[PDB]
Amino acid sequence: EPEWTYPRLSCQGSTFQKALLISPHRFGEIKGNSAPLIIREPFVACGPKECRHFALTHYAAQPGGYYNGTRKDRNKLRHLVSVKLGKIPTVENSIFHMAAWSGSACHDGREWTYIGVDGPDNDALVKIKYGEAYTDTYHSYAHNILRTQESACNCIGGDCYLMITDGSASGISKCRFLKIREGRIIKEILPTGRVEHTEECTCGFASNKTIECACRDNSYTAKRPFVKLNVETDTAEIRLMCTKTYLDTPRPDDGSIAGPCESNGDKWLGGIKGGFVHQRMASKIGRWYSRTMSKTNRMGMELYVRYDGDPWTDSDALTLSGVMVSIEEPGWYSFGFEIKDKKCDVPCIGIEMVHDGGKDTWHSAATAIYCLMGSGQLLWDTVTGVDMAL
């Protein structure tokens, strides 16, 4: 019985640096001989012995003949696949875990838990897979696209928590939390506080007692709903992030939202999933966030940090920490994950870099990686080097 995974102390360090870049389409030339899968919503989750790179493929490759439709986000073809982090995710290299147009996964220290969501928009369903066996499901409660995180779920002592949501993109979307153990939902948690619209939550362990999430409100505020979840009482409350450094996109100039922490401000219809990871020290807590550069578009991506404090009531702007991607490169979904070293955990931030070339061609994405290593300051940015005409 390989003991259960538990959050540890982060490894010593004080800055992020360019780590690894998976640009599969650097090999999809019409004149090349490779078959890189067409995907989106990628993310990484790590176990005690290995890190896996997950994504939602449109079940097609480049070069191929099924580019039309790769732009849509839901259909009966999309599948959750994954490869060892470091391997190019190609047709042959990939493992198709289950059909889904929305997913997540995490390793409890013994086995992998794979979460996938598919079905009709009005009654979609969450499927849970533990290793090889399909073991449970969950139904749409708001009957409007049951969806999940698009990032690693979190496990502790055997219990894994996962945020799911149901509702209109431009309306009410009260999220919920699932407490999964060995593949089956053993509890349903209903969040408290600001619950109007919450989704695509990037969660992580702030400690052995609390799991925190930075999320996405898609129709009311440029501020990010921030979840705090007590693992001991299994209760969860939500409140908007008080910092003037709005992490969502689009958004207005920093600090331009008048009023107290809780004020939503202009709707700024839409948003984006943002990265977020913890830096657990003995008596301090680093909270790293990522956010696109352009205030209105998905271009560039910068790193931000803020040690200690209550994100719920601290308006002091975040400390800029570096340019992971320039505004000349695409910066879409970002997520956080943690690599497990011999005696400590290593926080990282992934960055989906979408190759959007329009509706009349393929639509895929690279994945850029930045982790905590050493001191000083972020030294280098990331590019995809991909030309969509090849």
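One rule holds for the numbers: they count along the sequence shown, beginning at 1.
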* Structure fact -> Stretch with higher mean Cα temperature factor, 304-312 vs 129-137, is 304-312
* Taking the recorded C-alpha temperature factors, which stretch has the higher mean, 257-265 or 144-152? -> 257-265
* Asked: If you compare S294, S94, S290, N208, which has the highest Cα B-factor in the entry?
  -> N208
* Structure fact -> In this crystal structure's PDB entry, the residue among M163, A222, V81, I172 with the greatest CA B factor is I172
* **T90 CA temperature factor, ranked by third within the chain** => lowest
* Using the B-factor values recorded in the entry, state whether the Cα atom of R251 falls in the lowest, middle or highest third among the modelled residues of its chain. => middle
* Asked: Compared with the other modelled residues in the chain, in which third is the CA B-factor of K340?
  -> middle
* Taking the chain's C-alpha temperature factors as the reference, tell me which third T367 falls into: lowest, middle or highest. => lowest
* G275: which third of its chain by C-alpha temperature factor? -> lowest
